[PDB]
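J.: What follows is a structure written as structure tokens; I'll ask about it next.
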Amino acid sequence: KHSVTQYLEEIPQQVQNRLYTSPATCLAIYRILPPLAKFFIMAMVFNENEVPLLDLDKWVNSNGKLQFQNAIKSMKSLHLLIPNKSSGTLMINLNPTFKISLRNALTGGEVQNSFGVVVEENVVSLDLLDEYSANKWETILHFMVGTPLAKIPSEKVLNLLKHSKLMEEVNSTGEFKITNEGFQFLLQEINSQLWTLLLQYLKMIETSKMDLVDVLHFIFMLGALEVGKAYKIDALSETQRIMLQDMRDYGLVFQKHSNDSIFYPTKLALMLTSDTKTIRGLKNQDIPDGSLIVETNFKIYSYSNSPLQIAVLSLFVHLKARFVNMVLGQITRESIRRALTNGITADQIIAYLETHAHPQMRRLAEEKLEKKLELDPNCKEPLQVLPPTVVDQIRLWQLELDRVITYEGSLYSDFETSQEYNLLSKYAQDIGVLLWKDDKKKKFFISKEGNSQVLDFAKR
Amino acid sequence: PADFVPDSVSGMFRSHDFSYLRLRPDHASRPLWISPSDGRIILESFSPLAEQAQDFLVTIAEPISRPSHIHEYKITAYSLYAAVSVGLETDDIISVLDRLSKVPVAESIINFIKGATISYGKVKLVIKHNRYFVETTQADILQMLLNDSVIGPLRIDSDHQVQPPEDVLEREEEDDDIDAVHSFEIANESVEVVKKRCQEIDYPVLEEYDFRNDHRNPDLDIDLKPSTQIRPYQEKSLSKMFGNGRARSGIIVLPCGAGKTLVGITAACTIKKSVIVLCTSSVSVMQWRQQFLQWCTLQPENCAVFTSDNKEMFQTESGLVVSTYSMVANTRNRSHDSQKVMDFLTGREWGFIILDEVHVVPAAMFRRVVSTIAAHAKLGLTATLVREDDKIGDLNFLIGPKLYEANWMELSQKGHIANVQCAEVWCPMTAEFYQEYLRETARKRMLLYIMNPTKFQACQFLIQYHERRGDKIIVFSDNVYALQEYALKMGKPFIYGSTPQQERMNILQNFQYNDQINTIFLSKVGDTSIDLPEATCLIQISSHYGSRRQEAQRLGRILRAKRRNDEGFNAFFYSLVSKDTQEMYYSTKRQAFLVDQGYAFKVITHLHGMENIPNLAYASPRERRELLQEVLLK
């Protein structure tokens with residue numbers, strides 16, 4: 001995933017408060033704010049009385065401020081607030097647009113997306129207009145992600161795949177292969193594939209007729225309220241309607257027929273915003289219709305399969321033959337190595353197996369999890385969860401394909417006295433924020449979280 | 001030929017389609033998934049009779065896949081003979097399997113299942129007045145018995161007689177099926193042709209062995225005592241061969257060195273006739289009889305160990321004998337004494353022959369000796385599923401239908417060798433191994449990566465860990481000089497090349513009886529063959545060890561029974577292999593081999609505190625190169 005919350009924090013403050021003006025947008029971004037901030041956002045949304053940070057420090061319980069630290073840092077990063085140092089404290093006040101935007105949306109307001117949806121004869125039911133969108137999304141999956149047939153009606157989807165890095169193949173020739181961007185995008189269960197590719201559509205068409213805030217407000221508009229009658233045609237600005245019409249043609253929006261109609265309630269936008277059940281020429285079988293293969297015997301036993309689903313699997317397992325229910329493939333060190341040569345590190349497949357292709361791994365893991373939460377203090381013997389042997393197989397193979405291990409962080413200095421280095425190191429062991437420490441050199445390469453909290457005490 | 005391919009049809013009948021493959025009608029309402037195309041029975045967790053399908057499928061087929069949730073099946077052509085003997089119905093096997101397994105019963109799968117349940121391993125052979133007759137147990141066998149060229153054409157019109165059935169039994173069909181049915185007595189010429197006509201029409205027959213009805217063979221001097229040990233895999237090999245009433249002849253592949261002959265000797269006791277034991281080689285005859293057969297109630301002085309170099313009493317024994325194929329008929333005919341046994345084996349009507357690892361000796365001599373010897377029944381106690389003795393005459397149909405298979409997963413998990421933790425040690429590389437890999441690629445390098453000091457130190461972790469755990473550590477190294485150099489550093493008694501035998505068993509005396517000395521370094525002198533020791537941690541250093549069929553035998557041999565269950569992993573295996581060296585291919589063959597054998601597999605590359613273990617000699621990269629040049633002498 002491109003981590004749009006870390007990309008949306010790079011955009012300047014004027015366009016961030018541009019987004020907060022719509023109560024529908026304020027509610028939509030509210031669902032993605034961290035839960036501790038969610039409590040803080042609703043708290044400061046209701047009473048707009050300026051309070052020093054010390055009182056807010058009294059409200060909460062003991063340790064757990066790591067959510068608080070990241071929340072306020074996120075709040076400043078995307079500038080949903082403005083820190084005002086009045087009395088030497090933090091007189092945290094919510095951004096005027098963001099503070100006012102949630103007032104209507106929480107109290108049944110007229111958010112441009114929320115009230116812009118038109119109630120009418122919703123001929124597009126739950127299965128209406130979503131199967132085409134899933135197929136259009138399925139087509140763009142075969143073209144962008146790389147599948148046997150690229151039947152995606154979104155030509156702009158294919159073009160965004162080449163220049164925008166949506167497809168890891170020959171962009172100039174019109175192909176969509178699997179590459180570093182494609183492996184990272186396809187590694188994401190739902191959000192990573194949706195967020196990464198959507199950024200190219202916004203980033204590419206973002207200056208001329210794009211309407212950065214206008215296209216975003218329309219995208220937040222679709223999730224702000226159900227379009228219903230005159231939704232896709234109506235709830236779409238100059239960039240939104242072109243984006244919605246492009247989405248209607250490209251599968252981004254579940255519009256009606258003729259490229260100009262009411263917004264049919266497709267499940268693609270619901271999948272992006274609510275992040276809920278991804279299950280959708282008129283047969284829509286789910287949820288356990290899709291599935292994958294994993295085994296301790298290093299052999300894949302597939303009984304349920306899907307057209308595009310096996311295409312992803314065969315990119316990291318040898319594909320020999322397709323049967324009525326079985327697809328030939330034997331998972332070994334060699335099997336993962338197929339994508340490992342292409343530079344795709346075997347990191348996102350580990351999360352892939354336990355998140356997707358698991359609908360056929362349900363019973364296999366049903367003997368894995370074993371409800372090891374309440375009995376974890378009682379019994380300390382795992383029943384192979386999460387799979388370590390396949391992890392041992394992949395880590396040994398992935399290490400071979402790299403032979404070098406690289407760590408990320410930031411080097412620090414100014415450890416003049418030995419006491420300060422030791423005191424943070426010991427607490428770092430409690431939180432696991434230090435990769436490695438040494439009093440002799442007084443330098444280590446980690447992130448700013450250890451640095452930030454120590455200065456927070458120093459500053460406050 | 002007297003053998004038919006039908007005893008070894010395994011390895012085929014595993015292929016299906018998707019558009020060609022029909023979707024299983026029982027998939028909508030069926031617990032398992034038994035697809036005839038792949039030959040599998042994928043028994044899910046929702047099966048009302050999941051155990052029954054495995055019992056019905058296990059008796060008739062071989063489950064190739066052993067997943068926790070869903071299983072798989074492998075091709076087994078001989079399973080028709082075993083499936084017929086178990087009792088699975090021809091229609092019954094398909095009807096239950098088709099309904100239970102989701103994959104619909106295909107015509108080829110149903111026809112074979114219908115054939116396997118009844119036609120496979122359900123032949124008819126009649127016998128009257130305690131003899132062999134031209135008939136069968138059922139009406140079809142009666143038509144079959146008369147319809148045989150030797151059974152029917154070589155038969156007398158008399159239904160049965162006391163003298164002919166007792167004496168004559170187109171020769172005495174003691175490999176016939178259940179008697180006491182409609183038939184007519186037969187001539188006494190050509191059981192060779194009789195077993196030739198059975199295999200050509202491919203009719204696996206549920207043979208019997210009526211020793212009590214054979215007046216030509218007197219009751220021999222056999223000391224009938226079953227006081228020998230009985231083991232979970234031994235009784236059913238007896239029970240399935242014995243069945244109900246009379247016994248029979250067949251193939252029962254057994255673990256070598258795990259009392260393989262024990263079923264035969266006990267089976268020899270029941271039949272009370274002329275029985276001979278054939279071993280792999282002459283040196284094994286004395287070594288194996290000395291290693292376990294003393295506790296056995298068989299008679300060492302009567303069971304003349306035929307060697308052809310040391311002379312015993314022959315053509316004079318009133319009871320059983322023990323010998324080898326090499327003694328029987330091979331280039332290993334040290335003198336005319338062996339040929340004198342062969343001549344006597346014709347004049348004497350020998351009814352049972354026990355085979356020990358036939359696969360080493362080519363089968364061409366097996367057919368030559370049988371015709372002249374005029375044997376009644378045999379017993380091939382082989383070990384390997386795949387063999388070079390799959391010639392036109394299959395030893396299965398040459399002897400009889402198989403009863404029990406060498407289910408190694410049963411004996412390596414039930415307490416003897418339970419919790420098989422196979423490992424392959426990838427010792428960290430260095431310059432000289434990479435320097436030696438590039439400069440020369442000949443097999444002379446085979447010992448130039450074996451000499452790894454980290455390998456010895458990787459062994460030394462197993463030396464200290466297992467002695468602390470009270471386990472047993474076994475090292476396998478075909479070389480001598482470098483192997484001797486190994487364990488002097490740790491200063492303990494150790495097996496080595498051309499060791500004095502009394503000392504090595506004295507080393508074994510401290511090995512499995514005492515706990516302070518627990519590391520034994522078996523050389524190529526171990527096989528074949530010596531006393532395969534009790535195995536708790538087996539270390540293999542040589543990884544070429546041609547051929548792969550020897551590897552299956554060696555893997556089964558040294559990894560032997562261990563009557564100890566303190567640790568959760570009471571049977572370790574380690575393959576100390578230098579990485580970025582020549583043994584990449586050879587070790588990776590083992591890695592696939594152990595998992596295909598069914599044993600649980602792991603990789604041990606990170607010992608607990610590798611650089612802090614004692615005896616850090618030659619640890620530095622400079623010192624390792626010096627030994628590599630010393631190993632150039634070997």
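By convention here, the chains of the structure tokens are called A, B, ... in the order presented, each chain's residues are numbered starting at 1, and ligands are numbered starting at 1 in the order presented.
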Output as CSV one row per residue of chain B within 12 Å of chain A: the closest atom pair and its distance in Å to one decimal place, counting only C-alpha atoms, sorted by chain and residue number ascending.
T.:
residue,atom,partner,partner_atom,distance
B:15,CA,A:323,CA,9.8
B:16,CA,A:323,CA,7.0
B:17,CA,A:323,CA,5.1
B:18,CA,A:323,CA,3.7
B:19,CA,A:324,CA,6.9
B:20,CA,A:324,CA,8.5
B:21,CA,A:324,CA,6.2
B:22,CA,A:324,CA,7.2
B:23,CA,A:324,CA,6.2
B:24,CA,A:324,CA,9.0
B:27,CA,A:303,CA,10.4
B:32,CA,A:303,CA,11.2
B:33,CA,A:303,CA,8.9
B:34,CA,A:325,CA,11.6
B:35,CA,A:325,CA,9.7
B:37,CA,A:323,CA,9.7
B:38,CA,A:326,CA,9.4
B:40,CA,A:301,CA,11.1
B:41,CA,A:301,CA,11.9
B:42,CA,A:301,CA,9.1
B:43,CA,A:301,CA,11.8
B:44,CA,A:363,CA,9.3
B:45,CA,A:363,CA,8.2
B:46,CA,A:363,CA,10.5
B:64,CA,A:297,CA,11.3
B:65,CA,A:297,CA,8.3
B:66,CA,A:297,CA,7.5
B:67,CA,A:297,CA,6.5
B:68,CA,A:364,CA,7.2
B:69,CA,A:364,CA,5.8
B:70,CA,A:301,CA,7.5
B:71,CA,A:301,CA,8.5
B:72,CA,A:301,CA,8.8
B:102,CA,A:303,CA,10.6
B:103,CA,A:325,CA,9.6
B:104,CA,A:324,CA,11.9
B:426,CA,A:396,CA,11.5
B:579,CA,A:400,CA,12.0
B:580,CA,A:400,CA,11.5
B:588,CA,A:333,CA,11.1
B:591,CA,A:332,CA,11.1
B:592,CA,A:332,CA,10.1
B:594,CA,A:297,CA,11.5
B:595,CA,A:297,CA,7.7
B:596,CA,A:297,CA,9.2
B:597,CA,A:297,CA,11.5
B:598,CA,A:297,CA,9.1
B:599,CA,A:297,CA,10.3
B:600,CA,A:297,CA,8.9
B:601,CA,A:297,CA,9.3
B:602,CA,A:389,CA,8.2
B:603,CA,A:392,CA,9.0
B:604,CA,A:392,CA,10.9
B:605,CA,A:396,CA,10.1
B:606,CA,A:396,CA,11.7
J.: Going by DSSP on the backbone, which bits of stretch 92-295 of chain B are helix (DSSP H, G or I)? Write them as number ranges by chain, please.
T.: B: 92-100, 107-119, 139-147, 163-167, 191-200, 232-242, 260-271, 282-291
J.: Extract, using only C-alpha atoms, all DNA, RNA and protein residues at most 10 Å from residue B:152, discarding same-chain residues fewer than 4 positions from it, and format them as a ChimeraX atom specification.
T.: /B:133-135,142-148,156-157,170,183-187
J.: As a PyMOL selection string, please: the residues near residue A:101 (cut-off 9 Å, only C-alpha atoms, same-chain neighbours under 2 positions excluded).
T.: chain A and resi 20-27+45+96-99+103-106+111
J.: Check which residues of stretch 206-310 of chain B sit at most 12 Å from stretch 385-398 of chain B using only C-alpha atoms, and return one row each with the closest pair of atoms and their distance in Å to one decimal, ordered by chain and rising number, as a tab-separated table.
T.:
residue	atom	partner	partner_atom	distance
B:206	CA	B:397	CA	11.1
B:207	CA	B:397	CA	10.6
B:249	CA	B:396	CA	9.4
B:250	CA	B:396	CA	6.3
B:251	CA	B:396	CA	5.7
B:252	CA	B:396	CA	9.3
B:253	CA	B:385	CA	8.1
B:254	CA	B:385	CA	10.6
B:255	CA	B:385	CA	11.8
J.: Given the choices B:108, B:519, B:199, B:316, which gets closest to residue B:2 if the distance is worked out from only C-alpha atoms?
T.: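 The answer is B:199, which sits nearest to residue B:2.
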J.: Excluding residue B:337 and any residue of its chain fewer than 4 positions from it, enumerate the residues within 9 Å of it, using only C-alpha atoms, and give them as a PyMOL selection string.
T.: chain B and resi 308-309+311+314+333+341-342
J.: Could you save those same residues with N, CA and C atoms as a short mmCIF file (atom, residue, chain, number, x, y, z; two decimals), in the first residue's frame?
T.:
data_model
loop_
_atom_site.label_atom_id
_atom_site.label_comp_id
_atom_site.auth_asym_id
_atom_site.auth_seq_id
_atom_site.Cartn_x
_atom_site.Cartn_y
_atom_site.Cartn_z
N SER B 308 29.37 -71.21 0.84
CA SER B 308 30.16 -71.77 -0.26
C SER B 308 31.67 -71.68 -0.01
N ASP B 309 32.11 -71.02 1.07
CA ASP B 309 33.52 -70.97 1.44
C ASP B 309 33.80 -71.71 2.74
N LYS B 311 32.31 -74.71 4.98
CA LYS B 311 31.47 -75.85 4.66
C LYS B 311 30.72 -76.35 5.88
N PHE B 314 24.99 -80.34 4.22
CA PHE B 314 24.00 -80.04 3.19
C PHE B 314 23.49 -81.35 2.61
N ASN B 333 29.70 -68.45 -6.99
CA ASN B 333 29.74 -69.89 -6.75
C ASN B 333 31.19 -70.26 -6.46
N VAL B 341 23.81 -78.23 -3.78
CA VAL B 341 22.55 -77.88 -3.12
C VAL B 341 21.44 -77.74 -4.15
N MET B 342 21.74 -77.10 -5.28
CA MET B 342 20.74 -76.90 -6.32
C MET B 342 20.22 -78.23 -6.87
#
